[PDB]
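Let me begin by presenting the structure, written as structure tokens, before commenting on it.
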Amino acid sequence: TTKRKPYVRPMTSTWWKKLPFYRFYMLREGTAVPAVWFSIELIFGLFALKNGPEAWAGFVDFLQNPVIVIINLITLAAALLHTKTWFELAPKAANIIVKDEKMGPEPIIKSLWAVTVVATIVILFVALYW
Amino acid sequence: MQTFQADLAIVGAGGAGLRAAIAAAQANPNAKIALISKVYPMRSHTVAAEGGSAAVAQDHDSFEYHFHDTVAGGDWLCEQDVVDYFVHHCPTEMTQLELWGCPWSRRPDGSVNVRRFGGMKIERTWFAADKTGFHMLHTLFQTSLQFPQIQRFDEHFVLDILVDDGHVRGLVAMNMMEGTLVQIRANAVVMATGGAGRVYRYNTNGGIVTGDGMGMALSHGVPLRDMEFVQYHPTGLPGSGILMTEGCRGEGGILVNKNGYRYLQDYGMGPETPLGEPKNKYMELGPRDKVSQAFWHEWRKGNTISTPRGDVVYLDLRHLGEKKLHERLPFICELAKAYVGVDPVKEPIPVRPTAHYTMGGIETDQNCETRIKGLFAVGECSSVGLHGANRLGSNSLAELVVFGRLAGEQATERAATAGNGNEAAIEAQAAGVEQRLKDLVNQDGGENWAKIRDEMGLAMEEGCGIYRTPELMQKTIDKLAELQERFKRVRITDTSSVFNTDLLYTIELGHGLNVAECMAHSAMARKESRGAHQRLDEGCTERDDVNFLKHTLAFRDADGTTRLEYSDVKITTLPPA
Amino acid sequence: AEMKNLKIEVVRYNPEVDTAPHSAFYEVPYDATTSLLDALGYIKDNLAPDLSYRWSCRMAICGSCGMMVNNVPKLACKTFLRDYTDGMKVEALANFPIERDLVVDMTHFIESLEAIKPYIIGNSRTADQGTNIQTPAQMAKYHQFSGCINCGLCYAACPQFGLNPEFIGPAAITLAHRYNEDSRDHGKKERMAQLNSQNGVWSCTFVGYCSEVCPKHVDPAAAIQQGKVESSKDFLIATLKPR
Amino acid sequence: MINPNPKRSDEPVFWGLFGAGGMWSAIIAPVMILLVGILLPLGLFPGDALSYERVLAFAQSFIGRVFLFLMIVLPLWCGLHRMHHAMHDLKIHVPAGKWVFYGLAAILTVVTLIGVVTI
Ligand SMILES: Cc1cc2nc3c(=O)[nH]c(=O)nc-3n(C[C@H](O)[C@H](O)[C@H](O)COP(=O)(O)OP(=O)(O)OC[C@H]3O[C@@H](n4cnc5c(N)ncnc54)[C@H](O)[C@@H]3O)c2cc1C
Ligand SMILES: O=C([O-])CC(=O)C(=O)O
Ligand code: SF4
Ligand code: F3S
Ligand code: FES
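Protein chains in written order, with PDB author numbering: chain C, 1 to 130; chain A, 0 to 576; chain B, 1 to 243; chain D, 0 to 118.
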């Protein structure tokens, strides 16, 4: 018969709305939804692409819808946020010691970001120039 | 109450206690060990140390050099056969710590680096960055988890110890969360409760440091030894008393007055040494005693700067530069930035001499055993005979691991050949502790425990400071006697059972008051100036091996009076002139 | 010069009396120096002696001041009143059961920390032989992770520990990682049990907030992630064992 | 106590894929959303570069066949994995999520793998 009543605070399904850190984390995690959406869109593309000129031209018409464009514009910003954030976090998986000091993360963050840029170009160059 | 069976009980989970707990679980794998602490072990004040631990390591060093550095450092009030034991067991203990995973800072060759502390000629202070204490305790605590034989009573406040027929038989302690009394019956008991600096208003110590272990020893007619010796640290922040390590001055930092004059040269510590080159024992690396004293001398001249928090001198570290700053002393930067709002690269730091270490403590013999058989005291709450009249910088942590080991080992021997005490007589002891506690709870008188506390701090700081006169010593003895009376009129308003701090802080205050009276009387009586004890009055300004080459023993009688006795100081290889 | 006075909201709870925690208000005089701890002292000293809280070191090295200030895990002695002129609310450390006033049940923490075997293992060296050799480079591996003072702020900050109180937690995982990456230690295999658990590293979604709150700049989030990499290695190297 | 003998979580496999999918998507997703999402449908590209004929030509080639696979597959495993814990984060309970999401991922993976071998 302890005299203590340990009071436990509940945790609401909305714990995250309070602190802006939690909000960002949620929103960052939230980048997945469009990231998956794009992959769906690509399946449509891939599939309608196999079904000859008629299907594909109708698929490009689907992307031509004013809303879908807006949606895709959001999807780009989404995946851009994901990239920005992802790169800030990837280095923290690495534990490299240089000259008796734990390194990171800026050298990695930059390295990675560069690779993104070189890709962006090479791809845009391949896709458009020929 | 709920009674627990243990083979031995240790009060305190600081460096000392933990080293004892570990030692005993190794010395005997089968015993049940009760480790008791009023905070979770990692909170013990040992956690706050920065400078490091002394142990003989360099090839040009010798145990004799470390022996002679300590004895002279304690003004020959050292028990020399204890120092010899101490010096020799240091390198084993620091090595053993390293083996348990203490992150000692290293030479690039992978061997452990050392630096210099407490004006020692040959550098022997092993250090983990500037957080040596945090590392030691966290390594010591973490290590201890591997031994099941240690059962921990975390956040249990020990009220009294159980004694019958001149032998210890256990202790009574409150379960701090439940607020429920518990008997621990141990046939040998170790006191690892640490120092009692907190009885001073301005000090470097954590809250836990209230001297309860000393208070309990007092109550059973065990003398406190060499109590008047309270070590001040030259450089503490004003009004918080937070420690700025010697490391600062060891990295060649400077102390200046309102004129920005590096005054230490005028106090026998000339000549001034160029900023880059900091020579040991000269200026800011000079002898602790004189440095602390130098502040007082400067204070009367109107040379000391005046701030809302107090009169200060400046620890200018600007000239150090951020490269060595953040590598060697990074933690110091953080404190200055936060607690006094001073950026140590841009600005100078206010420092004031501050109460830091209790050379005094529970009288023990070379095995850490007290006048009471089975009862041991180890670490700061003890007086082993190691520090004498003044501790040597970086020797305290070392003491913990050296004698913590011994105390754990020694108490195992005693408990294993103790036999059984009078059960009826023992249980009747616990009844009293319980009743005595209740008597305090009921006690009415509408006196605030906190204001009595506040006043005791002031009396100590003014009457038992770096420089001591009879008048002010007396004033303090008087004031304490007054406060002892007022304590009997304290009324504890919180009568709750669940983690009642009001009650606990008040108990702590009780010990505080008793112990303070030990410090105060001891000081008044010692008519000489040795070590930390510096009297200004005529005929007491100098050291006296003629009349005062002896240990001060302070007893507390049942009538509540502090009676003093004196004991000889044992010498081996190094007598004075 | 009469010091500025400040209204402070402090959430009290007494198990004997109170059904549920309720706020209380205290007016404390403060200056540029006054830390919340300082203020908390004044309360018990002058206004509410019945107040109970955890403190000791006073220099933010012991770790006991764990409490929430305005929905942020903070140290009571590293929290400064001047910074809260707009208003200030003080509940006990989050994600732990409140025993009394600002004191919380810390058992789970201690238990977690214990479960990961945080001590040098399997090193057969002895003290008479001399210390182990470890380079500055070899220390760098775990050194930062070794600086945890056990405040438990990480636990109040991490939302996953909120949702799952069986999650062994940032601090406790970090400490495991610290011993893993110490060259002196050969017990990695003993710790992986707890780490590989669903309640181990894998309860962490990398919210990373623990690292933000860490008073001692330990960055436990990094430990947890390097932990994930390490656990995965072990998951593979375990699956590839036909034996 | 805490569980002395805890089950090894089977999560490493899923986190692994998420790790690669996160990494792929991170680098190569933006440009693609630009190409397929914006440039193609708005006609903002030179001549016949993203015309039916040329796309097909690329998609059918082996290099393209592999690329399209990964560009669809990897972002799913990353994405769905993230959503799975988001359910738990929102305190919303979904029966056999573990099977639901990774199932969906496997399903789509299969559908994708079929697509890139010509339907
Ligand atoms: C800021 C600072 C820096 C220092 N730096 C150094 C240094 O660099 N080198 C060096 O050698 N020395 C240093 N010292 C001195 C040295 O750290 C101490 O002398 C030493 O840590 C004392 O440890 P201890 O084991 O005696 O007890 P402590 O570490 O003080 O622990 C005491 C224990 O007793 C328990 N306790 C107390 N009262 C009760 C009670 N009533 N009931 C139950 N339990 C109780 C406590 O909970 C605690 O666990 C420093 C001191 C300070 C203040
Ligand atoms: O005084 C000591 O023994 C060592 C100390 O606290 C310091 O780092 O200055
Ligand atoms: S990691 Fe930081 S937050 Fe967490 S307990 Fe350790 S010191 Fe406190
Ligand atoms: S906040 Fe919690 S989710 Fe992981 S990154 Fe820190 S442990
Ligand atoms: S008081 Fe020791 S952590 Fe803040």
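Here a beta-carbon is modelled for each residue, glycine too, at the ideal position from N, C-alpha and C.
Classify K78/B as helix, strand or coil using the three-state DSSP reduction. The answer is coil: DSSP assigns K78/B none of H, G, I, E or B.
When you measure from the CB of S218/A to every non-hydrogen atom of ligand 1, does any distance come out below 8 Å? Not so, every heavy atom of ligand 1 lies at least 8 Å from the Cβ.
Quick one: what's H232/A bridged to in DSSP? Looking at the DSSP output, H232/A bridges to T353/A.
Terminal residues of the beta strand (DSSP E) in which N174/A lies: That run of the beta strand (DSSP E) goes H166 to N174.
Quick check: what's the CA-CA separation for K18/C versus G162/B? Their Cα atoms are separated by approximately 14 Å.
Roughly how far, in whole angstroms, is the beta-carbon of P222/A from the beta-carbon of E564/A, given that I think they are within contact range, below 8 Å? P222/A to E564/A, Cβ: 7 Å. Contact.
Sheet register partners of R18/A (DSSP bridge): The partner list for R18/A (beta bridge, DSSP) is empty, contrary to what the question assumes.
According to DSSP, is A8/A part of a helix, a strand, or is it coil? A8/A: strand per DSSP, three-state reduction.
Whether or not the segment 182-192 of chain A and the segment 411-429 of chain A are in contact is what I'm after, with contact meaning three or more pairs of Cβ atoms, one per stretch, closer than 8 Å; do they touch? Yes, the segment 411-429 of chain A touches the segment 182-192 of chain A.
Taking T107/B as the query, report the chain D residues whose CB atoms sit under 7 Å from its CB, ordered along the chain. Taking a Cβ-Cβ cut-off of 7 Å, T107/B has no neighbours in chain D, whose nearest Cβ is about 10 Å from it.
Please report the distance separating the alpha-carbon of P66/C from that of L73/C. Going by the C-alpha atoms only, they are around 11 Å apart.
Same chain, Cβ closer than 7 Å to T505/A, neighbours up to 5 away in sequence not counted: So the list reads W448, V489 and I491, once near-sequence residues are dropped.
Report the three-state DSSP secondary structure of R555/A (helix, strand or coil). Strand at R555/A.
Closest to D443/A by CA distance: which of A423/A, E433/A, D477/A and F486/A is it? Comparing Cα positions, the closest option is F486/A.
With a threshold of 8 Å (Cβ to nearest heavy atom), would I35/A be considered close to ligand 1? Between ligand 1 and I35/A, a heavy atom-to-CB distance of less than 8 Å is present.
Are the C-beta of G30/C and some C-beta of chain D separated by less than 9 Å? Yes, contact with chain D.
CB contact check: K18/C to chain A, cutoff 9 Å: Output row for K18/C: interface = no.
Listed in chain order, which residues of the segment 336-357 of chain A have Cβ atoms closer than 9 Å to some Cβ of chain B? Cβ contacts with chain B: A337, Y338, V339 and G340.
Which residues does DSSP list as the beta-bridge partners of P53/C? Answer by DSSP bridge pairing: none, since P53/C is not bridged.
Can you name the start and end residues of the beta strand (DSSP E) that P343/A belongs to? Segment: none, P343/A is in no beta strand (DSSP E) and carries neither H nor E.
For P29/B, the first and last residue of its enclosing beta strand (DSSP E): Counting along the chain, the beta strand (DSSP E) containing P29/B begins and ends at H22 to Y30.
Terminal residues of the continuous alpha helix (DSSP H) containing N441/A? First-last of the alpha helix (DSSP H) with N441/A: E422 to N441.
Spatial distance of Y84/B from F133/A (CA atoms): Cα-Cα distance, rounded: 30 Å.
What do you reckon, is the C-beta of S104/A under 8 Å from a heavy atom of ligand 1? It does not: the Cβ of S104/A is nowhere closer than 8 Å to a heavy atom of ligand 1.
Buried or exposed by the 16-neighbour rule on C-beta atoms within 10 Å, applied to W76/D: Buried, because 16 or more other Cβ atoms sit within 10 Å of the Cβ of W76/D.
Identify, in the order they occur along the chain, each residue of the same chain with its Cβ nearer than 6 Å to the Cβ of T234/A, setting aside the five sequence neighbours on each side. Only residues of its own chain outside the window of five on either side were considered, and among them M243, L314 and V350 have a CB closer than 6 Å to the CB of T234/A, listed in chain order.
Distance between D31/B and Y42/B (C-alpha atoms, nearest Å): Straight-line measurement puts the Cα of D31/B at about 13 Å from the Cα of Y42/B.
Helix, strand or coil, according to DSSP, for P73/B in the structure here? DSSP places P73/B in strand when its eight states are reduced to three.
Using C-beta distances below 7 Å, list every residue in its chain close to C204/B, excluding the 5 sequence neighbours before and after it, in chain order. Taken in chain order, the residues that qualify are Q160 and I224.
Since I believe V400/A is in contact with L96/A (beta carbons under 8 Å), could you give me their beta-carbon distance rounded to a whole number of angstroms? About 6 Å separates the two Cβ atoms, so the contact holds.
So is the beta-carbon of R197/A under 8 Å away from any non-hydrogen atom of ligand 5? Not so, every heavy atom of ligand 5 lies at least 8 Å from the Cβ.
Could you check how far apart the C-beta atoms of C367/A and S381/A are, in whole angstroms? I think they sit under 8 Å. Yes, they are in contact, since the Cβ atoms of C367/A and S381/A sit about 7 Å apart, within 8 Å.
Is any beta-carbon of chain A found at less than 9 Å from that of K117/B? So, interface residue.
Same chain, Cβ closer than 7 Å to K450/A, neighbours up to 5 away in sequence not counted: Within the same chain, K450/A has no close Cβ partners at all.
Regarding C380/A and ligand 1, is the C-beta to nearest heavy atom distance less than 8 Å? Yes.
Using a cut-off of 8 Å between C-beta atoms, extract the partners of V36/C located in chain D. Neighbours of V36/C on chain D, chain order: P74, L75, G78, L79 and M82.
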